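*Asks:* Handing you this structure, nothing more for now.
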Amino acid sequence: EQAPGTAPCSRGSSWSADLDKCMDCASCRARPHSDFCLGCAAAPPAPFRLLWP
């Protein structure tokens, strides 16, 4: 129960099937090791068509 953060899925966040549990996105900005990260990463949104980096 007690943990530095971890909220009950509120505003954004991402679900996790690996262990059936929700988890915010404030714990995967460098260390990719969680199912909930797959939902947050990969940029959910997208431009109109495409851009030229």
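Residue numbers (the authors' numbering): 1 to 53. C-beta: ideal position from N, C-alpha, C; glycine also.
If you check the beta carbons only, do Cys22 and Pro8 fall under 9 Å apart?
*Replies:* Yes.
*Asks:* To the nearest whole angstrom, what separates the beta carbons of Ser34 and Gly5, a pair I think is in contact under 8 Å?
*Replies:* Not quite, the Cβ-Cβ distance comes to about 13 Å (not below 8 Å), so this is no contact.
*Asks:* State the CB to CB distance for the pair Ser14 and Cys25, rounded to an integer number of angstroms; the pair is presumed to be in contact (CB under 8 Å).
*Replies:* Right, their Cβ atoms sit about 6 Å apart.
*Asks:* Mind checking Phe36: buried by the 16 CB within 10 Å criterion, or exposed?
*Replies:* Buried, since its Cβ has 16 or more Cβ neighbours within 10 Å.
*Asks:* Tell me the rounded alpha-carbon separation between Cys40 and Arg29.
*Replies:* Taking the straight line from one Cα to the other gives about 10 Å.
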